[PDB]
Each structure stands twice: as structure tokens, then as C-alpha cells.
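Undergrad: Experimental structure and sequence below, a few questions after.
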Amino acid sequence: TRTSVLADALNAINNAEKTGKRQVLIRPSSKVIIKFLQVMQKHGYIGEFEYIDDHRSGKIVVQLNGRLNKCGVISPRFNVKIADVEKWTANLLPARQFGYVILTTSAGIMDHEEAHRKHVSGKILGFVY
Amino acid sequence: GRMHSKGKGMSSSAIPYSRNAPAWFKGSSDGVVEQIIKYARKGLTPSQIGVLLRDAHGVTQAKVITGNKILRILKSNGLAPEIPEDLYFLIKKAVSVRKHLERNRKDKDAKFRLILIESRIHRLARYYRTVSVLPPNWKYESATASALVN
Amino acid sequence: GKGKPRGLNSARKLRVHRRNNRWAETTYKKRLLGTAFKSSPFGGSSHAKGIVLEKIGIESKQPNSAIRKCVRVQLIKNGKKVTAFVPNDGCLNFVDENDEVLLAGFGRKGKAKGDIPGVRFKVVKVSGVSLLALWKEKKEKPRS
Amino acid sequence: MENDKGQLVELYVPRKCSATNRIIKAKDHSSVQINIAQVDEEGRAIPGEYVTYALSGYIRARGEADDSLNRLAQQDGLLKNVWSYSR
Amino acid sequence: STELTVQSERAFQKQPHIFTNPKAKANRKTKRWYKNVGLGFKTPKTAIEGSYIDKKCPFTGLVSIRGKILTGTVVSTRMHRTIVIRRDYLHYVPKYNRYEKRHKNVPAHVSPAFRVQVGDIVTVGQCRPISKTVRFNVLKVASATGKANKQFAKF
RNA sequence: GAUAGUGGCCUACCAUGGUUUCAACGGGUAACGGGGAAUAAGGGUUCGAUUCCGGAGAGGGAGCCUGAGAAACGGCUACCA
RNA sequence: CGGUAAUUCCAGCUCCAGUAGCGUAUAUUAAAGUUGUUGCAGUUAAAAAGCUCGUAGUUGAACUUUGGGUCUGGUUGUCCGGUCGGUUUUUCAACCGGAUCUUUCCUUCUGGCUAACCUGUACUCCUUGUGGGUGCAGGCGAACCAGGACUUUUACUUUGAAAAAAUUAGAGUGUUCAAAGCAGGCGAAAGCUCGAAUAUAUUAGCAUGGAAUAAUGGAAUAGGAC
RNA sequence: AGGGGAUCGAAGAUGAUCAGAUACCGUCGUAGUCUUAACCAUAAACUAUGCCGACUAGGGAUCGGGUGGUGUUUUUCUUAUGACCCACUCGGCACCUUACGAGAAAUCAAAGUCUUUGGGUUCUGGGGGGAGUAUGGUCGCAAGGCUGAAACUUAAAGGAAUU
RNA sequence: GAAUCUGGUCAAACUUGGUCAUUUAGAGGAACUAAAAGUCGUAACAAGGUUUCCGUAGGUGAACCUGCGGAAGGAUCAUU
Ligand SMILES: [Mg+2]
Ligand SMILES: [Mg+2]
Ligand SMILES: [Mg+2]
Ligand SMILES: [Mg+2]
Ligand SMILES: [Mg+2]
Ligand SMILES: [Mg+2]
Ligand SMILES: [Mg+2]
Ligand SMILES: [Mg+2]
Ligand SMILES: [Mg+2]
Ligand SMILES: [Mg+2]
Ligand SMILES: [Mg+2]
Ligand SMILES: [Mg+2]
Ligand SMILES: [Mg+2]
Ligand SMILES: [Mg+2]
Ligand SMILES: [Mg+2]
Ligand SMILES: [Mg+2]
Ligand SMILES: [Mg+2]
Ligand SMILES: [Mg+2]
Ligand SMILES: [Mg+2]
Ligand SMILES: [Mg+2]
């Protein structure tokens, strides 16, 4: 079973970045994955990326900038409570400063800074530092 | 990765990118439907019907040509079996295995395989119960299974 | 992912697993079973008074050699016959026979100390004067 | 990076590899500067002016380095035909 | 639930302080007293059209719904005029930051204003302590059929 | 029926439920429960007889009288210690 | 360490630590990522069930409105200070929010109430006039009532309310300082003053906004919708 | 509990050898070794590597299937098949190099993608002895198995390498 | 309306038997450690002088040996 799909997407990407591939192929590829990728793009971590409309499930081809370091998805989607956010960022990100915790909220899949600004948080998906 | 062995096969039928009809391959839809119904009348079971359509006639997948599935079509015309095709086949297999076991008292491997078959049947039974195709609190096993087959 | 369901509605399994695991840790087990009250001479107390039954020089463990000037002590509260070591330069010249004697642990969370075999406790307050005090003559013995 | 009111800190601003954008480290006793000469008609190899690359140790170590260099060349117009997008 | 009989006890039962005058002419004969329970519930017609008495009913009795109103699936119908709802919820252990599928069974008295079958969700209400354990009255068996008129597969 | 009042609270009669591996019931507790205490990243562990809030209990079991309010113990009534 | 030069014993001497304290014993927390949710190990250091099935449990592909513009308010800096260290618009953006049409409705109407114009009945006080509206007959509802109908249901999450005090963190304040306490402080030294702040304590409820995430369900003998 | 009882062979004999040998070696030899009914559930039951799933690095081999070859070859004319051959390709059982990753190391394409810690899940471990013991459950016709302590007790017991 | 008395009723208690647990007696029985200048062998570590081990059954001063089947943690990563 490919239980979680976001996880799978990120893992392959991570591997690619580690080797120094400039491109990855992600097998199943959801709404969620696409949204995550968009978020990453918005802060310039990922290059262009192309979702193949398979007349089936999906397929994503990514272009890597080499600006990625580690993209992690956290295992259960812990429901997270606006103050919890701070704790998570302290744990998950290499500085009080930069990089992003990519939490899904009611307002959409944002990073963490955006969520804080918007003043809304929810479950966590990933992170990008 | 295979429901019962340690084997991890990936032999599988693929599908074409086009949901649209394959252009030149003529006939119609009505004709296809008629053919399907004829096959149903003759006693063939869904998969078999599909196979027959594909090879001899100008068929790729009934979904592409007619619009609706094979099973759906059957249901519409009211010719579909009472116990779902796969499940029925499983039951038949189980019956066969049971028969074998009756004859051969010492055949441990066969018994083991029978157990697996039974488990599979149970799974299938459960899912049919959930989607309501087998009327609830109907269990399929050893004594009544034979009766059910034919 | 290794063991533990990194699940989310997983929690009961986790909690139960932890409970089950804990028992292998010694301290926790001791706390829970209540080894302190059923066994280990003292009532899980720091100090216990006992009575100097008989002075025994216990012959020490290996590399080291000597005789270790301990006391078989019968505790009052439980009635258990321990062997409590006595510190410094004799000081059995203070202990005598059939005296009330306050004992301590040794520093080893029960168990054995250094090189003295089958010994668990120091003596501190003999008859109610404390051994150190007697030895360094900062306070002195109540006659008899 | 910058100390508030301008004023750049953080010295030794890392070379990044041209192939991978992966930082060329301080003791990259594996990495290289590749220098390729800007060139002109009849003799002429124009001293002083090069098109330059840096290749980080890691790619080279992996083995796939030549192809990366080719790619770099084809982009900066130091080659044509040699290396294609599709393989 | 009750199911038929109407007037079969050692005693003979009626709604209290509600009385049918033999003197006056009425084709309806018996005057039923009902109660609009409130709280946005439509009081089932199968009480007003009904014939049973039943003292622990929220509509045709002195029991009145206050305080908590909960929902949940019916596990057990196996005893007379009452039901066992199983209110299942997720309780949180912080040490792991995660959850438990927790059980708990609410016994609720059921007015025969309802046909309640195993597996049906029930908006149940709190009330005056009915008996021993039962402190709730079934108010809305919201699942009306759940595929009962359309069970057959054939066209 | 009882009660201040609801209720298996008890009685009559009828039915056969209810709880449970999403730990029932047992057995333990060197368990009064919180508020809290110590512990100095984050999560936490232990500890809470004790200054506040509840709850029991007045040697143990009972039983009651008076009174708005006690099943009171610096109030009785036994019985056992 | 100690078997005749003991840096560990017993003494003296200097010395070191802490100091009106300091040591010993037993717990216990930290150290203990040696109990591991964060966060441990399992080929060989202990540890992967002999193997498979299987019920609970946990976990579960992807998919259902994504987009663009239009207009309208906030908050930071930019650029000057227009000013006797602060002040607000234009030049400017990012930033959240709202209203919209787009092929897109917000649960729906019985009547209150229409508030203003989709309005025009006379037209003009009046800068040669869309500068400006007192005004009553057809008719915008959201500017919210009360009254029905019937709301797929949750988990989330924000805001809110209650989470007794003390304790904890924390605002002020010269208990001589400090722990503290809740006071105090200021005049002509011929009565006036601030004060006793806030904030957590997530958990089970309760109210509200959000609709991604994760469920759950509707129309397939349509006894389906209007 | 029956049969069948060739060979080998726990026990036993019995010969040496040895200070000694009901041990190693020699020669007989029941039980057993086959097998039908039943049981027992253990093994270094070992790949000492839980099962699923995804991805990252090449390489030939080899087994199973499957296409692509005016390919060789069998000739009974063209042949059509088989057996090879070459290129693939799934699936497997492994193996060889590299480590760019691991790991304590030995080593490992998994023991990788883990302090840059989070795919899903079972189960098991918590210094060594005591001890897989005692007791209690149980399941066994018994032998036994599954579960399984503590008291004590000790600063090591271990691994993997090096001299 | 006093003692008193019939019926309940709550019922302390008391005589009985049987479960349990903390405990201390425990006639005797086998264990285990700590002590490691006893006694006998030398079992294991070298192919440890029969390679060791596992599971099992039998035997016996004692380590143990021997069947049968497995391992290598072997002393073999090797035959056109
Ligand atoms: Mg407590
Ligand atoms: Mg308390
Ligand atoms: Mg106490
Ligand atoms: Mg007393
Ligand atoms: Mg009193
Ligand atoms: Mg009393
Ligand atoms: Mg000297
Ligand atoms: Mg820590
Ligand atoms: Mg460890
Ligand atoms: Mg081991
Ligand atoms: Mg304070
Ligand atoms: Mg002999
Ligand atoms: Mg012999
Ligand atoms: Mg085993
Ligand atoms: Mg094993
Ligand atoms: Mg242990
Ligand atoms: Mg040899
Ligand atoms: Mg030997
Ligand atoms: Mg040997
Ligand atoms: Mg070993």
C-alpha cells in the first residue's frame, strides 16, 4: 500500500535533490501534492513543474533548482493550534529565521508564516528547510 | 502486492489514453449492446462476454463504445447473476477443493490452500454485504456453498 | 517506520505499549510492585535502628585484603538480621555488644559496597551518639 | 548576511557549482574550477577572457560529471549538438 | 417501541389528569394529550395518530427534555421500549498528541412514536431520570430507511 | 410503596436483558480527589497526608432522637473491641 | 590506594571547594534519546514470533469550482516633514479583508419598515449648468425582526464565553534592599490622588467564523428532483 | 495402538586404547529408523535481516513468461514449427564492482533515503547472573510447551575490529 | 399517655463452615549465588588434540557422551 501520497511525492524529490537530479517523476500526484508544490514555488524552492493529466490518476514531473535541502512531510497530520505552530517551527526548521512549515488550513495549504499572518492554522503537512 | 503469496506480480491489462471511440473501428453502439445481451442469454459471465466482444468483434471496452459498463448493461436488461461473478467463481473453486479434500484425507497443502480460498471468500462476502449485493447476514462456506454453485 | 504507529487515532496502542515496556526498567518496577515494603530489610526508610547482636569481622573481597569489622544487627521494626559495617579505625571500642544502633544505607541504592561481601549498611548513631562524633571525640559515649 | 543597516558580514561567500547549485564547500578537496577559452578566427584564443565553470566535488565523485559539463557548455554556447535534452 | 396490545398490564393504564367525557358526542372518542417537545424537533404524528400510553415518552407523557441533546448509533434494541445508543468519540492523550476511539453506551428510553432498528443514528435528549441507568429519551431516529424501499438490484 | 422529590430506591407481576479485548468483572494500591509541588529548552516525569476547594471519618460496626439542616459522635441507643 | 620512598590510611602542615552553613543515608526529578509522541534499539552487542491465515485495532489511490478581472477598506514602510520629538495625504508597493459578475447564488417565503433611488410628479433657489433636493400614486429588501419550513453528520481550526482564589508568569510600587506585601504617592507640608493590572493553564461541554485536511451520506426496482 | 522390521543404529552388551574410558575407534544389538491411525509445536525452525509500499547506481550472468529480429540452424522442395543467437522487457533466486549513503565496525543497493530525526503497520529488548528457574495459570496420555517472577548477586557481561 | 406486648423492619453482633492474603513457626527437602592457595577430571577457547553449536531422546562421578535432524556462530565464500 502507498498509504500516503504526499509522503511518496516528497521522498522521491528529496532523493533526487540528494543525488543532484534536475528532475523528478512523481507517480500518483494529487490536488494536495500540487498545492504543496505551488507553495514551494511561491518562495522559490522548486522550478517549473508539469502535471501530466493521465487519463487515470496523475503524474508530476518536477524541475529542481538545487535550492532544496530537505522536504519533509510529517507522519500523522497533527492538528495544530496557533501556539503549537511556534513549537513545531522551533523543532522542524533550521532557524527562528527562514524556511517554511507547510500546514494545511481551512483557508488552504499555506506555509506557516502566511498562516500566522492570516491568523489561521490547522493540520500540518510538510516543511521545506 | 498479491493477496496471498509472497509473489509480487505486475502482469496486468493496460488501458488506452482515449476515453473516446477508436475512430475507424465501425459498427455502432446498439449492435454492441445486442451482442452483449445475446452473450448474456447464452450463459456467459461478464468478463467472458467482454473477451468475446474484444477479439472476434470490433470492441475495445464496452464503456468506450456504449457509454455504460458490461455489468451495468446487464443490470439494466435484468440478466446479471445473483452472486457476483468473481465471488461465484471463488465459491466454485472452494467447492472443488472441498471435494478433493473429501477424497484425500492426508493432503495438508490442499487443506491450507482451501483455508486461503475460504478467507478470500469471506473478504469478498463482507464487501458484497457492505455494498449490498448479497442480502445481509448471508455467509458462504462449506455446506450451503455447494448448493449455491448450481 | 519502525514499531510505534506514527498513527493519529493510534494512541491507546501507544499508551498500552509504553505501560508494558516500562516494567523492564528496574526502578519503576521496584516502585510499582512495592519491593521496598515486602523486602530489602529497611521499610523503604533511610535509617533504621537495630540491636548489636554479634560483632563479625567479614573477610573482604578480592584484590583487597583485610577484615571488615561489621556487626550482625537485628532490626527492631521488621526483625531482620542484617550485617551493618562500622566505619573508621576500630570504633567497635564504641559499639560493644547488645547495644541499640542506628544504621544507614551505603550509597549504592541498596546493593553491595566496594569490597565488603554480604554487607549493605553503615552504622551511624551508636546508642544515640553517632560514630563519627565518638571517633573524633567531638562528643562522647553515655558511660554504659 | 547583512547587519541591519547595510554592512555585509559572512565572509568567504561560497562558490556554488554551476551544474548542481550545491554549495562548493571550504575543504572541497574534490571540486574543480573549469576554465574554457573565449575564441576567435585565425590563431586567436583571446587571453584573459574565459567562460568559466565550477563543478562541485560530489557530482564528479558520483561519476556523472562529463555530461553535466557538456550541458553547461551547450547552454553558454561553447558547444552545439554534443549534448541533447532527451536521452 | 411497545408493538401492539395497547392495554395489557395487570393494571389498566391511561394518561393522568386527562379524561374522556362519556356525556359529550365525539367520533374520535378518546382525547389524546400530546406535547410539543420543542428544540426544533417535529413531534412525530405516530403519537397523535397513536393509541399507546407510555409514561416515559417525551410527547405523550410527563417527561420533558432539558439540558443535553446528543446523537449516536443504536447498538441494541433487545429490550422493551428502550434502546442502547453508543456515542463514539475521540479522546485525546497529550503525551502522544493523539486519539482514542472511545466506547460509552447511553441507554435511552424510546417512545413507540418511532420504529428503531439496529444501526440507526438517534438524536437523543436528556431528561428526568427514567430508571437506574436510563436518563435519555430517543427524540429523532433521523435515518428513515437507509435503503429499505430500494434494496433490490434488478431494474 | 417509599421519599422533600426522580428513580430497582423496595415490593407485586411480566419480559430477558445489561457490561465486556475501544479491557467489563475481579485483584492490588505502601490511592482521599482536585487546585497544585518539585523539577530551568521542547515534549515531559515523578509528588500531591499539608495552609484553598470538595469528600469521607470520629475506636469499630450499627441504630436513631431533636431540629431548617445531623444518621451528629465535645447527642443519645445497643453490640463488639 | 595499603606487601617498609603510601600524592589515596592515620596524624601535622600548607591548600581547594562551599560557607552560617556543609556533609552522610534513602527516595525522587534532571542528567536518561538508559522507556524514546517529539526521540531509542532488534544481522552479529538484548531483542524480528517457525510460518501463514485471520477478527477487533491501527492505516488507506486519486477524483468533485479552478481560475481570472472589476471595484472597494484596513498595515507597514518608502518620500518629505505640512509642523512648536510627533502629525497626514498624494508618488508607491507588498499585505490581509470584503463586494462582485463571470458558464456560478446566500436555506426559503409569508409582512413588517422599505433606507435610498431603478425612480419622476411640478420643475427650479440658482455661476450661461446633471454644482443642489423639501417632495407623493406603480416599485431594490438584507439595514434585522418573528414566524414557519428543514436543515447530511462529525473530527479539525480561529475568535468568543466561562476554565474560584492562592500558587506560576507578569504591570506598578523604595518591604533600608531582598524574599515579600498590596500598597503607597504628592501638596500651602491649612486634603487630593492613582491603585490593586494582564496572561496562560489547550483537555469535556457551549457559542461563532473557516471550509483545505480526514472521514461520512445523498438520484441506478429511482417510492429521485422541481 | 496396529502392522513392516533391510540397513543403520539411543540403550545395552563387548573388544581394545588409556593412570582411568559404562568416551572417542571395532563387533553384535532391542527402541527407533519406514508406515497407517492419532498426538506433541518445538530447532542455529538462520538470510541469525517482521511484513507492505515508494525511491535512489551501475553491471553482466542465471531461471520463469512475453514481444522485436528477411539472424543462425534442423530440410521432408518454399517451409511451418522447435533448439540456439542478438536486443529488450516484466517476475524471481542470487551474485560482482563501486559508495556518491549507511553503520560502532565487520560490512550493506539495502542494514540506504535518520539530529536535515515523521510512508503504514505487527511484534520483541532494556547491564550481566539468578533464570527461561520458582510459583500460578493453562494446552499436553506423559516427556513437555506457551506464558514467566522476585529475592538475592556482581562492574562488568557483551559486540566488531587491531596489535 | 407510662412501662409492657403481638407483627414487621433496619439490623450490630454471636455460633458455624468454607475462600483468601499479609505474616511468622517450617520436622525435612533440593536450589542459587558470594567467598575462589579445597577434591577429581579437563569440558570449552588453537582442527583445544572426537570442530563447535542448536532441537530432541537415552545414558550416566562430574564436566558430559551418544543417537537422529538441523545449523555454521567452521577449519570450506573454489571445479570447465
Ligand atoms: Mg493522586
Ligand atoms: Mg491534596
Ligand atoms: Mg497515609
Ligand atoms: Mg483512637
Ligand atoms: Mg462535632
Ligand atoms: Mg455516629
Ligand atoms: Mg610517607
Ligand atoms: Mg533531555
Ligand atoms: Mg538503548
Ligand atoms: Mg543475540
Ligand atoms: Mg510571583
Ligand atoms: Mg572398555
Ligand atoms: Mg556403550
Ligand atoms: Mg523458539
Ligand atoms: Mg529467530
Ligand atoms: Mg534483563
Ligand atoms: Mg581433528
Ligand atoms: Mg577439551
Ligand atoms: Mg574438543
Ligand atoms: Mg551471540
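TA: Great, that's in hand. Numbering: from 1, shown residues only, chains lettered A, B, ... in the order given. Ligands and ions are numbered 1, 2, ... in the order given.
Undergrad: use CA for all of it now, contacts and neighbours both
TA: Noted.
Undergrad: contact partners of the longest helix that chain B contains?
TA: With DSSP state H setting the assignment, residue counts place helix B:108-131 as the longest helix in chain B. Residues outside helix B:108-131 that contact it (C-alpha atoms under 8 Å, 6 or more residues apart in numbering or on different chains): B:4, B:87, B:90-91, B:93-94, B:97-98, B:101, B:134-137, B:139-141.
Undergrad: phi, psi of the residue in chain B that chain D sits nearest to?
TA: Using C-alpha to the nearest C-alpha, the point where chain B gets nearest to chain D is residue B:17, with a distance of 22.8 Å. The phi and psi torsions at residue B:17 (degrees, to the nearest 10) take the values phi -60, psi -30.
Undergrad: can you count the residues close to it?
TA: Using other C-alpha atoms under 10 Å in any protein chain shown, the number of residues around residue B:17 comes to 10.
Undergrad: Regarding the closest residue to residue E:107 other than its chain neighbours, what is its secondary structure?
TA: Across the structure, with C-alpha to C-alpha, 6 or more residues apart in numbering or on different chains as the measure, the residue nearest residue E:107 apart from its sequence neighbours is residue E:84 (4.4 Å). Three states are possible here, and by DSSP: H, G, I helix; E, B strand; the rest coil the one that applies to residue E:84 is strand.
Undergrad: For beta bridges, what are the partners of residue E:84?
TA: Each beta-bridge partner of residue E:84 is listed here: residue E:76, residue E:107, as defined by DSSP bridges.
Undergrad: Was I right to think it contacts residue E:105?
TA: Yes - the pair residue E:84 and residue E:105 qualifies as a contact (C-alpha atoms under 8 Å) at a distance of 6.3 Å.
Undergrad: the more surrounded of those two?
TA: Neighbours per residue (other C-alpha under 10 Å) separate residue E:84 from residue E:105, with residue E:84 holding more: 21 against 16.
Undergrad: quick one, helices of chain A?
TA: Per DSSP H, chain A has helices spanning A:5-19, A:31-42, A:84-92, A:112-118. These are given in chain order.
Undergrad: And the contacts of the shortest one?
TA: By C-alpha under 8 Å, 6+ apart, the surrounding residues in contact with helix A:112-118 are A:82, A:85, A:100, A:101, A:102, A:103, A:105, A:121.
Undergrad: Quick check: phi and psi at the nearest residue to residue E:108 once chain neighbours are set aside.
TA: If the residues on either side of it in the chain are set aside, residue E:108 comes closest to residue E:136, at 4.6 Å by C-alpha to C-alpha, 6+ apart. As for residue E:136, its main-chain torsions (degrees, to the nearest 10) stand at phi -140, psi 150.
Undergrad: Could you do residue C:70 as well?
TA: phi -90, psi 180.
Undergrad: residues touching the closest residue to it other than its chain neighbours, list them.
TA: Setting aside the residues directly before and after it, residue C:70 is nearest to residue C:85 in space (C-alpha to C-alpha, 6+ apart), at 4.0 Å. If you count contacts by C-alpha under 8 Å, 6+ apart, residue C:85 has them with C:68, C:69, C:70, C:71, C:119, C:120, C:121, C:122, C:123.
Undergrad: what's the first-to-last distance across stretch A:78-93?
TA: One end of stretch A:78-93 to the other measures 17 Å (C-alpha to C-alpha, to the nearest Å).
Undergrad: Oh, that last question was meant for stretch E:79-97, not what I typed.
TA: The separation between the terminal residues of stretch E:79-97, taken as C-alpha to C-alpha, is 40 Å.
Undergrad: anything in it near RNA strand G?
TA: Yes - with C-alpha under 7 Å from any atom of the strand as the criterion, RNA strand G is reached by stretch E:79-97 at E:89, E:90, E:91, E:92, E:93, E:95, E:96, E:97.
Undergrad: most centrally placed residue in the chain?
TA: If you meant another chain, say so; for now it's chain A. Centroid-nearest residue in chain A, with C-alpha atoms, centre = their mean: residue A:36, separated by 4.3 Å.
Undergrad: should've been chain D
TA: Relative to the mean C-alpha position of chain D, the nearest C-alpha, by C-alpha atoms, centre = their mean, is the one of residue D:53, at 2.1 Å.
Undergrad: Now the residue with the largest distance to the centre of chain A: closest residue in space, sequence neighbours ignored.
TA: The outermost residue of chain A relative to its centre, with distances by C-alpha atoms, centre = their mean, is residue A:55 at 24.9 Å. Taking C-alpha to C-alpha, 6+ apart, and ignoring the residues beside it in sequence, residue A:55 has residue B:17 as its nearest neighbour in space, at 5.6 Å.
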